[PDB]
Every structure is written in C-alpha cells, then in structure tokens.
Asks: 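Shown below is the structure under consideration.
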Amino acid sequence: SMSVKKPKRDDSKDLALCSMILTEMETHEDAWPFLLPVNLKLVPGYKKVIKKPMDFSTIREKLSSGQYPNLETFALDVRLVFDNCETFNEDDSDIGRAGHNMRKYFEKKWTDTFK
C-alpha cells in the first residue's frame, strides 16, 4: 500500500533477457509458422476467428520500440501466438505440433531465466 513496498527486484536486464529468449525462439527449426503475420487475405477464416493475431516479428517490433511495459505483457504476446495456433490448427498436424513444441521451449527458458 502507500509507503509500504516489497523489496525492489532488479528489472534492468529484463529487456535484454526477453530479446535473447525471442532470438532463441526466432532461430528454432519449428519457428517457421510463427515468424511472420498470417496473411489474412490468403488464409480463409483467420481474420474472423482469431480476434488478436500475434507473431514473432510483431513481438520483435513491439519489444524494440518500448511497447512492452513489463515482462508479463511480453509473456502474454508470446503465449498468444501459441493459443492462436491451438485455436486454428489440429494437434495432429505439422503446424499444431510446432506450436506445442515452441510453447514448451518458451516456458522452460522463461522459468530458467526469471523464476
């Protein structure tokens, strides 16, 4: 509350560390469905079904322009990529498996880096 604060966690490396995690995600061999925005002209259904499209390049641009207030908002956009993938793709599909793999990958790096 007012004038009563928990001890001050150091957040000054968070930007760099989130950038590193993103680089590791960008360069994974299963990243290919998530590197660029889905082409909303050429993919039927996507515009209507996926209310909040997200992809790594868009995450990269937001990161680099100071559009993430904190590391929790960054984790939400990353997760949103995989939740979107689950919504639109069958589990038994190259793209569906890519999403489950990439989620696992991210979640481990995140815990190892911050928890």
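FYI, side chains are in, hydrogens and waters are out, and symmetry mates aren't considered; it's all heavy atoms of this structure. Numbering of residues begins at 1 and proceeds along the displayed sequence.
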Asks: What side chain to side chain donor-acceptor pair (under 3.5 Å) pairs are there with at least one residue in residues 31-48, not counting sequence neighbours?
Replies: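 Qualifying pairs, neighbours excluded: none.
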Asks: Suppose clustering is done on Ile, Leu, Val, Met, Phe, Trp and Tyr with side-chain heavy atoms closer than 4.5 Å. Which residues sit in the same group as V4?
Replies: none
Asks: What distance separates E72 CD from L76 CG, expressed to the nearest 0.5 Å?
Replies: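 Rounded to the nearest 0.5 Å, the CD-CG separation comes to 7.5 Å.
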Asks: List the residues meeting side-chain hydrogen bond (donor to acceptor under 3.5 Å, both in side chains) with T58, not counting sequence neighbours, and say none if there are none.
Replies: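 If we apply the side-chain hydrogen bond (donor to acceptor under 3.5 Å, both in side chains) test to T58, skipping adjacent residues, the hits are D55.
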Asks: Could you tell me whether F34 and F82 have their ring centroids closer than 6.0 angstrom?
Replies: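 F34 vs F82: aromatic centres under 6.0 Å.
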Asks: According to ring-ring contact (aromatic ring centres under 6.0 Å, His included), who are the partners of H28, at least two apart in sequence or on a separate chain?
Replies: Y105
Asks: Which residues satisfy the side-chain hydrogen bond (donor to acceptor under 3.5 Å, both in side chains) test with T27, sequence neighbours excluded?
Replies: none
Asks: Is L35 reachable from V38 through a run of hydrophobic residues whose side-chain heavy atoms are each under 4.5 Å from the next?
Replies: no
Asks: Any side-chain heavy atom of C85 sitting closer than 4.5 Å to one from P33?
Replies: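 Sidechains of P33 and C85: no contact.
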Asks: Please check this pair: side chain of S64 against backbone of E61, looking for a donor-acceptor N/O pair closer than 3.5 Å.
Replies: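 No; zero donor-acceptor contacts below 3.5 Å.
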Asks: When clusters are formed by joining ILVMFWY residues with side-chain heavy atoms under 4.5 Å apart, either directly or through shared neighbours, do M102 and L80 land in the same one?
Replies: yes
Asks: For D14 and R9: C-alpha separation, side-chain torsions, deciding distance, then whether salt bridge (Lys or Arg N to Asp or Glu O under 4.0 Å) applies.
Replies: CA-CA 11 Å; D14 283 358; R9 185 196 165 262; 3.0 Å; yes
Asks: Please say yes or no: joined through hydrophobic side-chain contacts below 4.5 Å, possibly via intermediate residues, are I95 and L40 part of one cluster?
Replies: no
Asks: Kindly indicate, with the supporting measurements, whether the criterion salt bridge (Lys or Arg N to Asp or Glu O under 4.0 Å) is fulfilled by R97 and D92.
Replies: CA-CA 7 Å; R97 289 186 278 280; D92 184 7; 2.8 Å; yes
Asks: Output the distance between atom CE (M25) and atom CZ (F106), rounded to the nearest 0.5 Å.
Replies: 5.5 Å
Asks: Return each pair, listed once, that meets side chain to side chain donor-acceptor pair (under 3.5 Å) where at least one residue sits in residues 77-88; pairs must be two or more places apart or across chains.
Replies: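 Side chain to side chain donor-acceptor pair (under 3.5 Å) check on residues 77-88 returns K62-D77, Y68-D77, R79-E107, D83-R103, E86-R103.
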Asks: Scan the side chains in residues 15-24 for donor-acceptor partners under 3.5 Å anywhere in the protein, sequence neighbours excluded, and list what turns up.
Replies:
unit_1	atom_1	unit_2	atom_2	d
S19	OG	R60	NH1	3.0
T23	OG1	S19	O	3.1
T23	OG1	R60	NH2	2.9
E24	OE1	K109	NZ	3.1

Asks: Would you confirm whether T73, through its side chain, and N70, through its main-chain N or O, come within 3.5 Å as a donor-acceptor pair?
Replies: yes
Asks: Heavy atoms, side chains only, cut-off 4.5 Å: are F88 and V43 in contact?
Replies: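 Yes. Closest side-chain heavy atoms under 4.5 Å.
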Asks: Under a single-linkage definition using a 4.5 Å side-chain heavy-atom cutoff for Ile, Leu, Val, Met, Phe, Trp and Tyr, are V78 and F114 assigned to the same hydrophobic cluster?
Replies: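 Same cluster.
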Asks: Set out, in order, the CA-CA distance, both residues' side-chain angles and the distance that settles side-chain contact (heavy atoms from CB on, under 4.5 Å) for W110 and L71, then state yes or no.
Replies: CA-CA 10 Å; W110 189 249; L71 84 174; 3.7 Å; yes
Asks: Apply salt bridge (charged side-chain N to carboxylate O under 4.0 Å, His left out) to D91 and list each qualifying residue two or more places apart in sequence or on a separate chain.
Replies: none
